[PDB]
Ligand SMILES: [Zn+2]
Ligand SMILES: [Zn+2]
């Protein structure tokens, strides 16, 4: 663990005294705090969403900058996991909603058959089709794509 | 569960065995090149397995065709039936067309979906049993609870929904891709029976490496005009033949020198098909079949006639074919370059331009990758439907309500949070 | 090394004239119009060869008398029965044809098989020559565009 | 030139109307306002 | 280009002998001075 060059050594020993103390020295990595660390991952995810939105609404604050860079490794972990869009949330103003993206849906989105259906859909929405309800046809494609990844993961 | 797992395997290992079936088709081409007219047979080289691996590889290729049609049934068939059930369910939502509209005799694709609403297990593979009882609730207070009742309606033998399956496979048969691969399997069946037509499996090269397929697309999208133009050509050949039937009944002699029992093309048909087969596969003129200039004053106009054929035929022919094919290529390159335009100038949700968004260190690129990030709206919709509505934020429940409304103004009209202040 | 081989045997010595492939650039842009698209060109010619293959095979099952390679048939003629021979025969004849196989075909004698055989030659003419010109100059002028 | 003329017809029916003549930059601010602007605000047969 | 990093005279005609010892300094505290010695030769 210390050969992984990463941590601070007193905190490695903190994790050691945390670890299992399982009767000789043995330890299962999954049963460590890991299984409870994914809800801790959820908490830190929400914290990352929070600090993100703090920077996004109200930028340019060196207090917040120090607090942000203080939380550097969390934003390093969770940018593969966050979800972010923009909408008009009934306030007649441009808004943005930050949210969660699970990973297994991205693994079934990693399936490039979806990507080529997507690129053909790009061709469709650009030219091949009556420009009628653009984003509604997009969401029709999305619901179909949802069903596609349901099929893909369910195998 | 053995067979279930194997269907799962054929799903998750589908295109690889498709390309392997193509490679087996190439091996079919490898053999069909040593036949001898005696009945027929095969010659011999140092390899000594012509007939046994012939029969085995034929049965193998047919079995792989069976495997790919079963896998394709296990593949996209639920997605297509998902699209169909979605469309029918929402058209009963937003119209109640079987309640009210009763569409015309066109699209019994659509009226085909009448008799599946008869089934109690109508909206199955669309997860959305909501739609049935909502449409049941929405209109029969106006139009009839009896109308609602009408729009209602190893050992496992008759406890399965038969008419749903009938409707289902009827919708399945409408696919061009499904019928393509099924017909391909029946070609493998006929080659298993008679391996003369067995090498006609080489329309497998019509749905692989896509550039040939775009060339075939350049063929097929314009082809109505092509076929009607060839019909116009046939009209020209028809009337042009008829002209050399009234005034011209000596200038053709099919035999040698005419003393041998020659034939002037007098008969309508014979003269019809003669001008077709000669002048289309000509090489410019009918200078072969014409009488050469002997000095007749009729033959002067007959030479002028051959000139009019040459001019008003060959020019027209090349205008038919490669003008239209290069026109097809021009529109194909235009469509692909406009796709590459719109993916790089104005996004779907942005729709402004790359004038505004490159002010900062590559902000247009990140604006694409982050701010509209096309698959993440998909992930967001997943994140909605996965959650419960109690669990929603007011933003989440808001967008959910707008989604149920099918109203779409919640999506940005194009301007963004960079556009408002920056 | 071509100059070396010409120093040894000055028969291949004049094959140095691919030196005109990397000088005055307009010819080289024409060669660029050739080479950037050429994957599609070669695969299309392969598709053409597939068409010739199957189209030959069609005139192997139903058609085993309409070709006679010698003079008049009494001299020991050859119907293209052999797969290869018939393969390469259709390739060398119909590709370097000038439209039709009106040379090698039996002319309309009156056989009802020969009606469909004339229709067969028409299908060759149409689905070959049109396709050929579409292969070559459509793609080359597309490259120029 | 024939394909150019037909595509420019499909341009001008979708970018700048006869009576509008601005562009589809301005009029898509609201829920499909350019479309309704065509169908309602210049609505070619209704001047007739 | 793996087996030219084996050479001590790897980064010759790029004037930039900086790069060798900077990469030597940058990672082997994490991953190994022996790894630095291997990427020497
Ligand atoms: Zn936008
Ligand atoms: Zn106006």
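Backbone-built Cβ (ideal geometry, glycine too); neighbour counts: all protein chains shown. Values quoted throughout were computed directly from the atomic coordinates according to the rules given, and no laboratory measurement underlies them.
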Next item on the list: Please enumerate the residues belonging to region D:1-29 that are more than 16 Å from ligand 2 (Cβ to nearest atom) and in a loop (DSSP other than H, G, I, E, B).
Entry: D:1
Notebook entry, point to check: Applying the selection to region B:318-356, what residues are crowded, with 18+ Cβ neighbours inside 10 Å and either within 16 Å of ligand 2 (Cβ to nearest atom) or within 14 Å of chain C (Cβ to nearest Cβ) (or both)?
Noted result: B:321, B:322, B:324, B:325, B:326, B:328, B:329
Next item on the list: Pairs only if they're at least six apart or on different chains, beta carbon under 6 angstrom, first in region B:404-419 and within 13 Å of chain D (Cβ to nearest Cβ) and over 24 Å from residue B:363 (Cα atoms), second in a loop (DSSP other than H, G, I, E, B) and more than 9 Å from ligand 1 (Cβ to nearest atom); list them, first residue then second.
Entry: B:409/D:31
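Away from every other protein chain (no Cβ under 14 Å) and in contact with a helix residue (DSSP H, G or I) (Cβ under 6 Å, 6 or more places away or on another chain), is that true of residue B:65?
So residue B:65 fits the description; yes.
Confirm whether residue D:35 is within 14 Å of chain B (Cβ to nearest Cβ), within 16 Å of ligand 2 (Cβ to nearest atom) and part of a helix (DSSP H, G or I).
yes
Yes or no, residue by residue, for (1) at positive phi; (2) loosely packed, with under 14 Cβ neighbours inside 10 Å; (3) within 13 Å of another protein chain (Cβ to nearest Cβ):
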{"site": "B:249", "(1), (2), (3)": "no, yes, no"}
{"site": "B:269", "(1), (2), (3)": "no, yes, yes"}
{"site": "B:279", "(1), (2), (3)": "no, no, yes"}
{"site": "B:282", "(1), (2), (3)": "no, no, yes"}
{"site": "B:292", "(1), (2), (3)": "no, yes, no"}
{"site": "B:296", "(1), (2), (3)": "no, yes, no"}
{"site": "B:299", "(1), (2), (3)": "no, no, no"}
{"site": "B:302", "(1), (2), (3)": "no, no, no"}
{"site": "B:308", "(1), (2), (3)": "no, yes, no"}
Item checked: Meets criteria (under 27 Å from residue B:397 (Cα atoms) and away from ligand 1 (no atom under 13 Å from the Cβ)) for residue B:377 -> no
Margin query: One residue is enough: does region B:362-370 have a residue meeting the conditions part of a loop (DSSP other than H, G, I, E, B) and either within 13 Å of chain A (Cβ to nearest Cβ) or surrounded by 12 or more Cβ atoms within 10 Å (Cβ to Cβ) (or both)?
Written below: no
Note to self: Being surrounded by fewer than 12 Cβ atoms within 10 Å (Cβ to Cβ), farther than 30 Å from residue B:330 by Cβ and more than 16 Å from ligand 1 (Cβ to nearest atom) is the filter here; which residues of region D:2-43 pass it?
What the structure shows: D:26, D:40
